[PDB]
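Undergrad: pasting the sequence and an experimental structure:
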Amino acid sequence: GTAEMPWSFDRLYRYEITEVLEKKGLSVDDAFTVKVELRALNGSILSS
Amino acid sequence: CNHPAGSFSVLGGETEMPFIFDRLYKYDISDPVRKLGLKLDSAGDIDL
């Protein structure tokens, strides 16, 4: 919101990708890219 | 408080590739605490 102190996490956060990578049609060694898209409830897209 | 506890450097130059660290860096400060004598487990009365 607006009234929360600036908080930073201690370390990284994980999400599961093994199934989507294996069903893509490639193994771990191949080089790919990861894109992140934002969607706020305001009704717009923020800065990726 | 004016108690020294240690120091370390950071590598930085204006021609740096913007980067970030994925893990929490760890540093050892046990010895000055031991010298000060307040018990390490009951560290609930210190700050840095």
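TA: Thanks, I have it. Numbering: from 1, shown residues only, chains lettered A, B, ... in the order given.
Undergrad: how about stretch A:27-37, does it reach chain B?
TA: No. Stretch A:27-37 stays clear of chain B (C-beta under 8 Å from any C-beta of the partner chain), getting no nearer than 13.8 Å. C-beta coordinates here come from the backbone N, C-alpha and C atoms, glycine included.
Undergrad: and that stretch, end to end?
TA: 24 Å (C-alpha to C-alpha, to the nearest Å).
Undergrad: and residue 35, how many neighbours does it have?
TA: As the question left the chain open, I've gone with chain A. Using other C-beta atoms under 10 Å in any protein chain shown, the number of residues around residue A:35 comes to 5.
Undergrad: you looked at the wrong chain, it should be chain B
TA: 9.
Undergrad: quickly find the element holding it.
TA: In this structure, residue B:35 is located in helix B:30-36 according to DSSP states H and E.
Undergrad: ditto for residue A:19
TA: Counting by DSSP H and E, residue A:19 is part of helix A:18-24.
Undergrad: contact partners of that helix?
TA: Contacts to helix A:18-24, defined as C-beta atoms under 8 Å, 6 or more residues apart in numbering or on different chains, come from residues residue A:28.
Undergrad: geometric centre of the chain: which residue is closest?
TA: By default, I'm working from chain A. The C-alpha lying nearest the average C-alpha coordinate of chain A belongs to residue A:36 (C-alpha atoms, centre = their mean; 5.0 Å).
Undergrad: would you agree that residue falls within a strand?
TA: No. Residue A:36 is assigned coil when assessed by DSSP: H, G, I helix; E, B strand; the rest coil, not a strand.
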